[PDB]
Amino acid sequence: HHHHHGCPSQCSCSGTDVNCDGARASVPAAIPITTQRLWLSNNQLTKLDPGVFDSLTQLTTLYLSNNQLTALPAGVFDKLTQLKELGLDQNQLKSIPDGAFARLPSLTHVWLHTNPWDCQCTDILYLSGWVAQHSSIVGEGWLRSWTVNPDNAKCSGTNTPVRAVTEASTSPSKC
């Protein structure tokens, strides 16, 4: 269509890219269901509505980096089965809900660094096992600077890698 495109206010859209980075506290409504790449980085997010992404089944890239996310809701990524890139770095996450990445078989780039992962608490063990089993996709940087480095998901206060934590060192009382 001549000089006509199909976009959330304060975001910029082109093709199936939706750039909502840096608009500032909640995920905008009416992100098109055909969206393949979604930037939600550099906003004010401290939580997500459960189900917020459930209609965006064609997503291949999702950036949530550099928010202040304190927790993710269980199942929040369950519908994003075509996701290849998932950015969660530079947030305030202490653990990942059990099973959160289980339905994401196509991941090739995952960013988890610069979060205060709480490795003494029982709830770290899903993430510890996941990183240990998917080490070749956990990294840092972008394009020319992309480098895999699974030890950059680090335990707050000791800087030990999250993937080295096993059940016998954790305690429910530290949650």
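So that there is no doubt, residue numbering starts at 1 and follows the sequence shown.
Checklist entry - How many residues that are in the deposited sequence but not in the model lie between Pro172 and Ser173: none, 1 to 3, 4 to 9, or 10 or more? => result In the record, the chain runs straight from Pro172 to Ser173 with none unmodelled.
Next on the checklist: Between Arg24 and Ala25, how many residues of the deposited sequence have no coordinates in this entry: none, 1 to 3, 4 to 9, or 10 or more?
Outcome noted: The entry leaves 1 to 3 residues without coordinates here.
Item to check | Stretch with the greater mean C-alpha B-factor as recorded in the entry, comparing 156 to 164 against 11 to 19 | outcome: Higher of the two, by average CA B-factor, is 11 to 19.
Item to check | Of 139 to 147 and 117 to 125, the one with larger mean CA B-factor | outcome: For C-alpha atoms only, the mean B-factor is higher in 139 to 147.
Next on the checklist: Given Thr34, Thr70, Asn67, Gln133, identify the residue with the highest C-alpha B factor in the PDB entry.
Outcome noted: That would be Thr34.
Item to check | Third of the chain, ranked by Cα B-factor, where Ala29 sits | outcome: It falls in the top third of the chain.
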